[PDB]
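Accompanying notes for the structure given below.
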Amino acid sequence: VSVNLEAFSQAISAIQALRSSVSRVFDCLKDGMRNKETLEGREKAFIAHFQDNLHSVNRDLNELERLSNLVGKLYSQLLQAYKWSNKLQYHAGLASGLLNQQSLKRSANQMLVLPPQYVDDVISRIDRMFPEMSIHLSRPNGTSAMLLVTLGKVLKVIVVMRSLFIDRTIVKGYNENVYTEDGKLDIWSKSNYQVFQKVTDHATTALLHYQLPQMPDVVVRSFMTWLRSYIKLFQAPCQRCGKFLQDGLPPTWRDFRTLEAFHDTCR
Amino acid sequence: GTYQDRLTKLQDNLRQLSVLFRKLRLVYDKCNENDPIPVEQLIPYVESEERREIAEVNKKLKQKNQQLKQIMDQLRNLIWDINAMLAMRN
Amino acid sequence: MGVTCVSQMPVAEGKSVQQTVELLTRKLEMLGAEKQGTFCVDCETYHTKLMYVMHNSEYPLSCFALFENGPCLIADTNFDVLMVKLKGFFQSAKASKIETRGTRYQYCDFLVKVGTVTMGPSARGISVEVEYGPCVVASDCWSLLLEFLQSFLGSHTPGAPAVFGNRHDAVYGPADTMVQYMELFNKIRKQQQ
Amino acid sequence: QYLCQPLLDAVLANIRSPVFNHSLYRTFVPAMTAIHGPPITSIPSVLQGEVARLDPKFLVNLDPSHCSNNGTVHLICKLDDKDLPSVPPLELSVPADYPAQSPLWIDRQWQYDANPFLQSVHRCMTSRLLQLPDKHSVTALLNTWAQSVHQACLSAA
Amino acid sequence: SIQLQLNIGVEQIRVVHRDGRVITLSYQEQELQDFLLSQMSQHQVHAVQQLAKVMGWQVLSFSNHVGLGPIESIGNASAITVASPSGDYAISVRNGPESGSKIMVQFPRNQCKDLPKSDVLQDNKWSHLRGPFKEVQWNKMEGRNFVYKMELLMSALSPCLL
Amino acid sequence: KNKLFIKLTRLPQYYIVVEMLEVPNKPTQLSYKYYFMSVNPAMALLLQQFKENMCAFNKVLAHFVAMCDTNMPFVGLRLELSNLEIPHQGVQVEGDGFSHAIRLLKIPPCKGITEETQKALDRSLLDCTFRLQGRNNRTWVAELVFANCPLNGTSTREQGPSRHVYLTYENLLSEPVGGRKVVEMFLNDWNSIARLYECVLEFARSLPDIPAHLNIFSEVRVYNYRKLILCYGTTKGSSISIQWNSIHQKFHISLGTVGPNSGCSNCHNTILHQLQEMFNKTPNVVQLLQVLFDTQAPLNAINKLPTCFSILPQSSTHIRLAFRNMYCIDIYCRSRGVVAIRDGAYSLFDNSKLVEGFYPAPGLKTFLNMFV
Amino acid sequence: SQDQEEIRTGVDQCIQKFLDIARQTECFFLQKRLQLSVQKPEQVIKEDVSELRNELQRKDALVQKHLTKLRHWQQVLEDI
Ligand SMILES: [Zn+2]
């Protein structure tokens with residue numbers, strides 16, 4: 001356990017700060033006087049500093065017991081070869097660096113085929129968690145995969161891929177026939193809802209926002225992570241206007257890199 | 001055994017890095033071999049037969065762009081024919 | 001289907017039954033909501049076991065058949081054909097025309113069924129019903145309906161419906177709203193007046 | 001705050017004492033230095049900031065007449081605009097401590113005569129300047145003087 | 001930043017842009033013909049905004065639409081002004097659909113040696129600031145592209161590095 | 001009856017009225033009357049009939065709408081400058097016509113520091129004009145300029161009489177861009193610049209008088225009016241950060257390895273919680289520099305001991321090594337490379353009494369004296 | 001080489017001076033070839049011919065490639 005082993009740090013610092021502060025109380029009163037020209041700038045500062053250091057000792061004493069309340073509670077030769085592997089984890093963090101994703105790219109101008117089973121292995125990696133959502137991969141038309149996604153009791157989404165990249169994505173509710181009369185997945189239709197049609201535009205702006213020229217897996221992973229915030233729809237008020245409805249519209253627009261529900265007017 | 005591939009990859013990368021370092025030193029000497037005239041002549045103040053070749057080939061490449069433009073327009077007509085085929089194939 | 005709140009508000013010391021109704025409609029016109037037509041819910045009881053054989057104008061094919069408290073059959077026309085044949089197991093038990101009659105309004109996919117309550121010909125109440133379309137799951141959007149209730153009712157703002165105590169995470173059903181309507185009828189039938 | 005009143009009561013009892021610095025020394029000095037360790041081994045700058053961001057279409061300079069190096073200052077304005085015709089140059093009057101006071105402007109009625117256009121300029125001055133707020137800067141008066149020339153030119157043209 | 005996606009209905013038009021906008025138009029082809037050029041004006045406006053975000057010519061003022069001066073017949077003009085981190089040079093220009101590229105660069109005093117010194121103007125510390133202006137034309141000047149013309153000129157007025 | 005109400009998205013409670021009007025002679029043309037009005041709990045507040053100076057555009061209105069959203073955002077800025085009584089010029093045009101700005105004339109200088117500081121900072125500024133940029137037009141910029149810097153850096157900030165520093169500020173979505181809290185934090189950081197520029201002179205007079213062993217020992221590299229660095233060591237192998245922290249009312253000195261000449265880490269951090277404590281007492285940079293110049297040699301091998309050995313430090317140059325849990329070491333650094341070596345496990349004061357857990361360690365000085 | 005705060009500073013000020021030392025070479029290169037741009041007009045039109053000739057080949061490089069490709073769907077289509 002480490003909650004007590006790190007909560008002890010404040011108390012073990014506070015007792016030494018008590019020793020140092022009472023030493024200050026002793027020697028500052030033992031320092032005598034430093035007039036610095038006028039006496040009224042000293043003798044009125046005498047009671048000021050005498051209150052200051054004594055009250056510092058007092059507040060240190062006081063904050064000692066609120067930390068004390070929250071806390072609770074071959075022989076040494078082979079011990080040395082144990083923690084070095086644990087500090088090798090820090091050594092892994094030694095060469096990380098904070099440069100991360102950001103680079104200094106210029107223009108990319110000078111002077112392919114992948115199996116659908118690779119797409120299936122891609123979709124199997126992230127479907128394994130988030131059990132409230134489901135993924136149903138299908139290719140009734142060509143090698144391109146379009147997927148049915150159910151979101152608890154809320155949303156039914158068709159997500160069309162092509163050429164291993166993104167093609168389209170249309171979201172509807174939970175009580176509609178997303179299939180056709182023949183039973184195939186619907187391709188060209190409309191969600192028949194003002195809020196859903198409004199947020200499909202946000203989805204189209206988001207798919208053109210996540211731009212990786214080589215790595216579309218993180219593009220679609222960030223897309224579905226963004227979509228995961230939309231299971232909180234009709235349940236969270238807007239962050240700037242307080243109320244849900246802006247002209248009758250609840251907040252939906254999650255901002256880029258900061259996922260919280262907004263409107264177009266609410267930015 | 002995955003560690004060996006990464007280190008061999010980085011060894012080839014640093015070999016190409018050293019080659020690029022030496023070739024930029026070479027071209028830096030090549031560009032620095034000729035400069036007498038200094039800067040501040042460069043600020044734009046308000047106060048032979050190769051040009052015939054340029055003028056003659058500009059309109060030839062424009063004419064080639066238009067000649068391929070009619071061809072790709074015919075292919076546009078073809079693709080507008082072909083997208084309606086699958087549209088009502090069933 | 002969508003999450004519904006059903007309640008009564010009285011004459012409330014202003015003129016008559018329909019004066020407060022007209023005040024609510026002119027408030028809604030100040031907001032500016034368009035109409036979608038009218039609505040009426042009619043009830044009728046039967047007994048040997050109280051049979052609530054009951055109808056709604058929103059879904060005229062939906063013939064509701066309820067116990068006093070048991071299962072509900074949202075059945076078709078041929079069930080009404082079969083219902084006539086018994087007549088000795090389940091007596092007619094007439095004079096149960098407790099109805100809610102009014103109009104429906106729309107404001108950006110928001111729907112309102114507002115009207116007056118009558119015991120047949122004589123109106124002795126005002127039915128207030130608010131709802132939203134895309135409310136699929138129940139007990140997750142009650143803040144929206146509470147805000148909508150305090151937006152334009154002012155006084156007599158209701159809360160905590162009886163079917164909200166029937167907590168489940170599935171899709172809200174028309175039986176829940178329907179239940180609310182028969183609980184409304186039980187609330188109004190006691191006072192008569 | 002809690003159990004510190006001996007320390008508080010000692011200093012008030014030992015105050016107004018000439019042996020205070022020595023009584024405290026005698027009662028306290030060996031306790032901390034023994035265990036805890038031994039001892040160690042012309043014009044104001046307001047107008048200068050004002051004229052910095054004044055419009056180049058004004059070329060205002062000091063008056064050649066009147067007193068100098070004193071509290072009250074006077075600045076005669078020059079307007080070099082090809083858009084606007086010639087007008088009298090105008091002269092202000094600002095006393096000492098230019099912030100937080102309301103200055104004035106000179107008066108000469110006969111200079112704006114021989115033309116009703118100049119009389120309309122003067123009437124527009126009396127219209128605009130009488131509603132100017134208190135303690136305003138010279139930019140407001142300069143710009144209201146500038147815009148009234150166009151406001152009279154549109155009526156003249 | 002410039003992405004144009006067009007949904008083609010029978011009589012309804014949906015336009016998808018980067019900044020999250022939907023546009024519906026009529027049967028008239030000119031209603032899209034003028035609008036694409038109006039957004040090309042915004043393209044030329046923002047071709048300078050993101051250009052300065054790399055090499056560090058810090059931006060001072062930027063507005064989506066301005067109306068200072070005349071009134072544009074096609075659309076609404078915009079204005080953006082920046083300054084160099086290297087001292088004396090700042091860029092001020094207003095671009096419009098019909099009146100675009102009005103470049104008046106800003107220069108300090110005691111450099112052209114022509115701005116007059118008043119009697120009150122006696123201290124030299126305030127004289128190093130960017131008082132006067134000078135118009136620089138967009139014609140008979142180097143650069144084969146719109147940003148290529150300006151990038152040569154902003155890198156021209158620079159301190160001596162050699 | 002022919003009117004429309006237009007509200008600025010950034011600036012609500014204000015409206016544009018286009019009183020569209022007809023011409024009787026021409027049955028196929030129109031006219032407009034453009035007005036300005038504010039809406040409050042709502043009431044109309046003012047009127048401004050706007051002046052006379054294929055036909056389906058009305059660029060006159062869009063010309064107006066631009067000058068709506070590009071000028072009245074300046075209303076709250078000039079409002080609060082007088083409301084807290086700051087000398088400031090009003091609505092202007094910055095140079096070329098397509099521009100607007102507000103120039104601040106004077107600032108209320110200071111408190112709590114000797115007043116000769118107030119002059120030179122008033123001498124250091126010449127201009128305090130503000131500008132607005134950024135997306136949604138909510139990014140204020142303030143390039144507050146400073147001539148006659150006390151001291152440059154070893155980098156190429158060694159140039160002429162100007163230090164212009166961009167100071168950007170932005171309010172919340174609610175309580176708009178004219179917000180008193182935004183200038184409230186503006187005076188905070190300037191005070192933070194002020195308290196450090198206060199200490200700039202307070203060591204600039206301590207600049208010409210140094211023993212100058214710290215000149216070649218330690219080199220100043222980064223001065224930025226807010227932070228200061230040193231790069232110390234004979235190999236310039238470590239660095240210390242100098243930066244004020246207002247909510248702490250403290251300085252968070254960062255002991256850090258710089259340069260490709262070190263072993264495992266910076267390793268000055270054993271005394272980290274102790275060096276911070278001493279500079280609570282002193283605002284004197286030499287106090288920091290000289291302690292390093294003394295403890296460089298003994299602490300070089302103190303941290304290199306195995307672990308058996310540990311670093312539990314008492315006071316500065318009161319360093320206390322301890323072998324396991326029964327033997328102890330005392331090391332006391334001093335100037336000119338002097339270290340005082342106590343027994344550790346003895347008692348200084350009692351020969352009747354000793355330490356319970358540390359059984360006394362005799363014979364230590366003989367092992368020292370053989371080194372002697 | 002042979003507690004994090006040195007690392008964040010060390011990876012910073014090297015890089016920020018390294019982008020400092022790089023962007024000025026651009027402006028130095030901006031100086032050097034603007035010198036060559038304005039002191040002589042011939043190296044401008046040499047490189048202008050150089051880019052269009054290299055465009056002239058790659059234009060021609062694809063069109064009879066396209067034509068050979070055009071010949072490809074010939075027999076692909078008579079397979080029925
Ligand atoms: Zn909102």
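We label chains A, B, ... in the order they appear in the structure tokens, count residues from 1 in each chain, and number ligands from 1 in the order shown.
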Inset, instruction - Please give me, as a PyMOL selection string, the residues lying within 8 Å of ligand 1 when counting only C-alpha atoms and all ligand atoms. - result: chain A and resi 237-246+250-251+261-263+265-266
Return as a tab-separated table the residues of chain F lying at most 12 Å from chain D, together with the closest atom-to-atom pair for each and the distance in Å to one decimal, counting only C-alpha atoms, with rows in chain order and ascending residue number.
```
residue	atom	partner	partner_atom	distance
F:52	CA	D:154	CA	11.8
F:53	CA	D:154	CA	10.4
F:82	CA	D:136	CA	10.1
F:85	CA	D:100	CA	9.5
F:86	CA	D:99	CA	10.1
F:87	CA	D:99	CA	7.6
F:88	CA	D:137	CA	8.2
F:89	CA	D:137	CA	6.8
F:90	CA	D:140	CA	7.6
F:91	CA	D:140	CA	8.9
F:92	CA	D:139	CA	8.8
F:93	CA	D:55	CA	8.8
F:94	CA	D:53	CA	8.6
F:95	CA	D:55	CA	8.0
F:96	CA	D:55	CA	10.7
F:97	CA	D:55	CA	11.5
F:101	CA	D:53	CA	10.3
F:102	CA	D:53	CA	9.7
F:103	CA	D:53	CA	7.5
F:104	CA	D:49	CA	8.9
F:105	CA	D:49	CA	6.0
F:106	CA	D:46	CA	7.6
F:107	CA	D:46	CA	11.1
F:119	CA	D:45	CA	11.4
F:122	CA	D:45	CA	9.4
F:123	CA	D:45	CA	9.4
F:125	CA	D:49	CA	9.7
F:126	CA	D:49	CA	6.6
F:127	CA	D:49	CA	6.9
F:128	CA	D:49	CA	9.4
F:129	CA	D:53	CA	8.9
F:291	CA	D:41	CA	11.4
F:294	CA	D:41	CA	11.7
F:314	CA	D:36	CA	9.8
F:315	CA	D:37	CA	8.6
F:316	CA	D:40	CA	10.0
F:317	CA	D:40	CA	9.9
F:318	CA	D:37	CA	8.7
F:332	CA	D:41	CA	11.2
F:333	CA	D:41	CA	10.4
F:334	CA	D:41	CA	7.8
F:335	CA	D:41	CA	8.7
F:336	CA	D:41	CA	11.9
F:338	CA	D:41	CA	11.4
F:340	CA	D:41	CA	11.9
F:347	CA	D:35	CA	10.8
F:348	CA	D:35	CA	9.0
F:349	CA	D:35	CA	8.7
F:350	CA	D:35	CA	11.5
```
Inset, instruction - Name the residues in contact with residue G:5 at a cut-off of 8 Å, using only C-alpha atoms, excluding same-chain residues fewer than 3 positions from it; report them as a ChimeraX atom specification. - result: /F:254-256 /G:8-9
Could those selected residues go to a file with N, CA and C atoms, as a PDB file, in the first residue's frame?
```pdb
ATOM      1  N   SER F 254      15.220  24.674  -9.338  1.00  0.00           N
ATOM      2  CA  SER F 254      15.314  23.350  -9.927  1.00  0.00           C
ATOM      3  C   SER F 254      16.774  22.970 -10.104  1.00  0.00           C
ATOM      4  N   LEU F 255      17.205  21.972  -9.345  1.00  0.00           N
ATOM      5  CA  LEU F 255      18.563  21.452  -9.385  1.00  0.00           C
ATOM      6  C   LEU F 255      18.660  20.469 -10.544  1.00  0.00           C
ATOM      7  N   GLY F 256      19.389  20.838 -11.595  1.00  0.00           N
ATOM      8  CA  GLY F 256      19.325  20.048 -12.809  1.00  0.00           C
ATOM      9  C   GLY F 256      20.627  19.927 -13.572  1.00  0.00           C
TER      10      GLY F 256
ATOM     11  N   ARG G   8      13.499  17.938 -19.044  1.00  0.00           N
ATOM     12  CA  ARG G   8      12.601  18.818 -19.789  1.00  0.00           C
ATOM     13  C   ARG G   8      13.321  20.065 -20.271  1.00  0.00           C
ATOM     14  N   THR G   9      14.231  20.598 -19.462  1.00  0.00           N
ATOM     15  CA  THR G   9      15.008  21.744 -19.905  1.00  0.00           C
ATOM     16  C   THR G   9      16.026  21.338 -20.956  1.00  0.00           C
TER      17      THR G   9
END
```
Inset, instruction - Measuring atom to atom with only C-alpha atoms, identify which of E:40, E:91, E:59, E:156 is nearest to chain F. - result: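 The shortest atom-to-atom distance to chain F comes from E:59.
Atom pair atom CA of residue F:62 / atom CA of residue E:136 has a distance of 28.1 Å (rounded to one decimal).
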Using only C-alpha atoms, which chain E residues lie at most 9 Å away from chain B, written as a short mmCIF file (atom, residue, chain, number, x, y, z; two decimals) with N, CA, C and O atoms, in the first residue's frame?
```cif
data_model
loop_
_atom_site.label_atom_id
_atom_site.label_comp_id
_atom_site.auth_asym_id
_atom_site.auth_seq_id
_atom_site.Cartn_x
_atom_site.Cartn_y
_atom_site.Cartn_z
N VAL E 136 3.31 49.39 -50.41
CA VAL E 136 4.09 48.51 -51.27
C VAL E 136 3.13 47.81 -52.22
O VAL E 136 2.15 47.19 -51.77
N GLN E 137 3.39 47.91 -53.52
CA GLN E 137 2.48 47.39 -54.52
C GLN E 137 2.66 45.89 -54.70
O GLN E 137 3.68 45.30 -54.33
N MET E 141 6.67 42.59 -59.14
CA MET E 141 7.42 42.18 -57.96
C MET E 141 7.51 40.67 -57.91
O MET E 141 6.64 39.95 -58.41
N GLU E 142 8.59 40.18 -57.29
CA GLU E 142 8.98 38.78 -57.41
C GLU E 142 8.02 37.87 -56.64
O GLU E 142 7.33 38.28 -55.70
N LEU E 153 9.28 38.98 -49.63
CA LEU E 153 9.38 40.35 -49.16
C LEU E 153 9.54 40.43 -47.64
O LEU E 153 10.26 41.30 -47.14
N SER E 155 10.95 38.17 -45.71
CA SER E 155 12.32 37.74 -45.48
C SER E 155 13.35 38.70 -46.06
O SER E 155 14.54 38.56 -45.77
N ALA E 156 12.92 39.67 -46.87
CA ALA E 156 13.83 40.68 -47.42
C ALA E 156 14.14 41.77 -46.41
O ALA E 156 15.31 42.02 -46.10
N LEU E 157 13.11 42.43 -45.88
CA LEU E 157 13.31 43.43 -44.83
C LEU E 157 13.63 42.73 -43.52
O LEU E 157 12.74 42.49 -42.70
N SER E 158 14.90 42.40 -43.32
CA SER E 158 15.36 41.66 -42.15
C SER E 158 16.72 42.20 -41.75
O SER E 158 17.42 42.80 -42.58
N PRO E 159 17.11 42.03 -40.49
CA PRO E 159 18.46 42.45 -40.08
C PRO E 159 19.54 41.62 -40.76
O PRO E 159 19.30 40.49 -41.22
N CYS E 160 20.74 42.20 -40.84
CA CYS E 160 21.86 41.59 -41.55
C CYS E 160 22.33 40.34 -40.83
O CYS E 160 22.66 40.38 -39.64
N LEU E 161 22.37 39.22 -41.55
CA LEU E 161 22.87 37.96 -41.01
C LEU E 161 24.13 37.50 -41.74
O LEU E 161 25.09 37.07 -41.10
N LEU E 162 24.12 37.60 -43.07
CA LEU E 162 25.23 37.20 -43.95
C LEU E 162 25.69 35.76 -43.73
O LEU E 162 26.71 35.33 -44.27
#
```
Using only C-alpha atoms, find each residue in chain F having at least one atom no more than 8 Å away from chain A; report its shortest atom-to-atom pair and that distance in Å (one decimal), rows by chain then rising number, as JSON lines.
```
{"residue": "F:9", "atom": "CA", "partner": "A:265", "partner_atom": "CA", "distance": 7.2}
{"residue": "F:173", "atom": "CA", "partner": "A:240", "partner_atom": "CA", "distance": 6.4}
{"residue": "F:174", "atom": "CA", "partner": "A:240", "partner_atom": "CA", "distance": 6.6}
{"residue": "F:307", "atom": "CA", "partner": "A:80", "partner_atom": "CA", "distance": 7.4}
```
Selection export as a PDB file, in the first residue's frame, atoms kept: N, CA and C atoms:
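See result_35.pdb below for the written result:
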```
ATOM      1  N   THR F   9     -23.411  37.235 -31.947  1.00  0.00           N
ATOM      2  CA  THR F   9     -23.265  36.010 -31.172  1.00  0.00           C
ATOM      3  C   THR F   9     -22.330  36.223 -29.992  1.00  0.00           C
ATOM      4  N   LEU F 173     -15.858  32.055 -21.471  1.00  0.00           N
ATOM      5  CA  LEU F 173     -16.970  32.139 -22.411  1.00  0.00           C
ATOM      6  C   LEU F 173     -18.062  33.060 -21.880  1.00  0.00           C
ATOM      7  N   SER F 174     -18.472  32.858 -20.633  1.00  0.00           N
ATOM      8  CA  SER F 174     -19.269  33.852 -19.933  1.00  0.00           C
ATOM      9  C   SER F 174     -18.357  34.960 -19.420  1.00  0.00           C
ATOM     10  N   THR F 307      24.174   0.775  -0.834  1.00  0.00           N
ATOM     11  CA  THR F 307      23.101   0.643   0.142  1.00  0.00           C
ATOM     12  C   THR F 307      22.633  -0.802   0.235  1.00  0.00           C
TER      13      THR F 307
END
```
Inset, instruction - For residue F:309, please output as a list in words all residues within 7 Å (counting only C-alpha atoms; exclusion window: fewer than 3 positions along the same chain). - result: residues 305, 306, 321, 322, 323 and 324 of chain F
Legend entry - All residues 8 Å or closer to stretch 14-29 of chain E, only C-alpha atoms, same chain fewer than 5 positions away omitted, as JSON, numbers by chain: {"A": [201, 202, 204, 205, 208, 209], "E": [1, 2, 3, 4, 5, 6, 7, 8, 9]}
Inset, instruction - Name the residues of stretch 63-125 of chain D that come out as strand (DSSP E or B) in a backbone DSSP run; write them as a PyMOL selection string. - result: chain D and resi 73+75-76+79+91-94+104-105
File of the preceding selection, N, CA, C and O atoms, as a PDB file, in the first residue's frame:
```pdb
ATOM      1  N   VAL D  73       0.068  75.145 -20.349  1.00  0.00           N
ATOM      2  CA  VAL D  73       0.665  74.924 -21.660  1.00  0.00           C
ATOM      3  C   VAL D  73      -0.382  75.175 -22.731  1.00  0.00           C
ATOM      4  O   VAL D  73      -1.587  75.022 -22.504  1.00  0.00           O
ATOM      5  N   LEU D  75      -0.989  74.571 -27.087  1.00  0.00           N
ATOM      6  CA  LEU D  75      -0.533  73.839 -28.263  1.00  0.00           C
ATOM      7  C   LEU D  75      -1.374  74.260 -29.457  1.00  0.00           C
ATOM      8  O   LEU D  75      -2.586  74.032 -29.474  1.00  0.00           O
ATOM      9  N   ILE D  76      -0.737  74.868 -30.457  1.00  0.00           N
ATOM     10  CA  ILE D  76      -1.419  75.297 -31.672  1.00  0.00           C
ATOM     11  C   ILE D  76      -1.329  74.181 -32.709  1.00  0.00           C
ATOM     12  O   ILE D  76      -0.262  73.585 -32.908  1.00  0.00           O
ATOM     13  N   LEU D  79      -3.033  71.253 -39.473  1.00  0.00           N
ATOM     14  CA  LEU D  79      -3.764  70.217 -40.201  1.00  0.00           C
ATOM     15  C   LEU D  79      -3.301  70.240 -41.654  1.00  0.00           C
ATOM     16  O   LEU D  79      -3.533  71.221 -42.367  1.00  0.00           O
ATOM     17  N   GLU D  91      -6.139  76.929 -31.203  1.00  0.00           N
ATOM     18  CA  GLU D  91      -5.169  76.838 -30.121  1.00  0.00           C
ATOM     19  C   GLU D  91      -5.884  76.460 -28.831  1.00  0.00           C
ATOM     20  O   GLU D  91      -6.949  77.005 -28.523  1.00  0.00           O
ATOM     21  N   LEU D  92      -5.296  75.528 -28.086  1.00  0.00           N
ATOM     22  CA  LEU D  92      -5.896  74.988 -26.874  1.00  0.00           C
ATOM     23  C   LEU D  92      -5.375  75.722 -25.634  1.00  0.00           C
ATOM     24  O   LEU D  92      -4.693  76.743 -25.725  1.00  0.00           O
ATOM     25  N   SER D  93      -5.723  75.207 -24.454  1.00  0.00           N
ATOM     26  CA  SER D  93      -5.197  75.723 -23.193  1.00  0.00           C
ATOM     27  C   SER D  93      -5.318  74.626 -22.149  1.00  0.00           C
ATOM     28  O   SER D  93      -6.435  74.252 -21.778  1.00  0.00           O
ATOM     29  N   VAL D  94      -4.180  74.116 -21.672  1.00  0.00           N
ATOM     30  CA  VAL D  94      -4.149  73.041 -20.693  1.00  0.00           C
ATOM     31  C   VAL D  94      -3.366  73.512 -19.472  1.00  0.00           C
ATOM     32  O   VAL D  94      -2.200  73.900 -19.599  1.00  0.00           O
ATOM     33  N   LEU D 104      -9.424  73.934 -21.437  1.00  0.00           N
ATOM     34  CA  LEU D 104     -10.227  74.854 -22.229  1.00  0.00           C
ATOM     35  C   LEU D 104      -9.574  75.118 -23.578  1.00  0.00           C
ATOM     36  O   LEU D 104      -8.495  74.605 -23.894  1.00  0.00           O
ATOM     37  N   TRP D 105     -10.256  75.946 -24.365  1.00  0.00           N
ATOM     38  CA  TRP D 105      -9.880  76.302 -25.722  1.00  0.00           C
ATOM     39  C   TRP D 105     -10.182  77.781 -25.929  1.00  0.00           C
ATOM     40  O   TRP D 105     -11.150  78.309 -25.377  1.00  0.00           O
TER      41      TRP D 105
END
```
For the interface of chain E with chain F (cut-off 6 Å, counting only C-alpha atoms), please tabulate each contacting residue of chain E alongside its nearest pair of atoms and their separation in Å to one decimal, rows sorted by chain and increasing number, as JSON lines.
```
{"residue": "E:60", "atom": "CA", "partner": "F:133", "partner_atom": "CA", "distance": 5.8}
{"residue": "E:61", "atom": "CA", "partner": "F:133", "partner_atom": "CA", "distance": 4.2}
{"residue": "E:62", "atom": "CA", "partner": "F:133", "partner_atom": "CA", "distance": 4.3}
{"residue": "E:65", "atom": "CA", "partner": "F:66", "partner_atom": "CA", "distance": 5.5}
{"residue": "E:66", "atom": "CA", "partner": "F:66", "partner_atom": "CA", "distance": 4.8}
{"residue": "E:67", "atom": "CA", "partner": "F:63", "partner_atom": "CA", "distance": 4.7}
{"residue": "E:68", "atom": "CA", "partner": "F:98", "partner_atom": "CA", "distance": 5.3}
{"residue": "E:71", "atom": "CA", "partner": "F:63", "partner_atom": "CA", "distance": 5.9}
```
Write out the residues from the selection above, keeping N, CA, C and O atoms, as a compact mmCIF listing (two decimals), in the first residue's frame.
```txt
# COMPACT_ATOMS: atom_id res chain seq x y z
N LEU E 60 -0.89 40.52 -34.51
CA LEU E 60 -1.41 41.55 -33.62
C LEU E 60 -2.92 41.68 -33.70
O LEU E 60 -3.61 41.65 -32.67
N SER E 61 -3.47 41.82 -34.91
CA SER E 61 -4.91 41.93 -35.05
C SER E 61 -5.39 41.01 -36.16
O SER E 61 -4.72 40.84 -37.18
N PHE E 62 -6.57 40.43 -35.95
CA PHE E 62 -7.17 39.53 -36.93
C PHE E 62 -8.68 39.53 -36.72
O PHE E 62 -9.15 39.33 -35.60
N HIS E 65 -14.30 39.57 -40.56
CA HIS E 65 -14.87 40.49 -41.54
C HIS E 65 -14.77 41.91 -41.03
O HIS E 65 -15.16 42.20 -39.89
N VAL E 66 -14.24 42.81 -41.86
CA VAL E 66 -14.08 44.22 -41.52
C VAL E 66 -14.79 45.06 -42.57
O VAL E 66 -15.02 44.61 -43.70
N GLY E 67 -15.16 46.28 -42.19
CA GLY E 67 -15.77 47.21 -43.11
C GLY E 67 -15.17 48.59 -43.01
O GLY E 67 -15.87 49.60 -43.11
N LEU E 68 -13.86 48.66 -42.80
CA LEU E 68 -13.16 49.92 -42.63
C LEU E 68 -12.64 50.37 -43.99
O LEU E 68 -11.78 49.71 -44.58
N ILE E 71 -17.00 49.61 -49.22
CA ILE E 71 -17.87 48.45 -49.04
C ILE E 71 -17.70 47.54 -50.25
O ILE E 71 -17.83 47.99 -51.40
```
Inset, instruction - Name the residues in contact with residue F:238 at a cut-off of 10 Å, using only C-alpha atoms, excluding same-chain residues fewer than 6 positions from it; report them as a ChimeraX atom specification. - result: /F:218,230-232,255-259,261-262,265-268 /G:6
Inset, instruction - Dump as an MDAnalysis selection string the residues of chain A that approach chain C to within 10 Å, counting only C-alpha atoms. - result: chainID A and resid 152:155 173:175 193:196 232:237 243:245 247:250
Could you produce a table of the residues of chain A lying within 12 Å of chain B, with the nearest pair of atoms per residue and their separation in Å rounded to one decimal, using only C-alpha atoms, ordered by chain and increasing residue number, as a tab-separated table?
```
residue	atom	partner	partner_atom	distance
A:141	CA	B:86	CA	11.5
A:182	CA	B:90	CA	11.2
A:187	CA	B:87	CA	11.5
A:188	CA	B:87	CA	10.9
```
Selection to disk with C-alpha atoms, as a short mmCIF file (atom, residue, chain, number, x, y, z; two decimals), in the first residue's frame:
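Now in selection.cif:
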```
data_model
loop_
_atom_site.label_atom_id
_atom_site.label_comp_id
_atom_site.auth_asym_id
_atom_site.auth_seq_id
_atom_site.Cartn_x
_atom_site.Cartn_y
_atom_site.Cartn_z
CA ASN A 141 -21.06 -5.74 -51.15
CA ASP A 182 -34.49 -7.23 -48.33
CA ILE A 187 -26.60 2.60 -47.58
CA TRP A 188 -28.21 5.89 -48.63
#
```
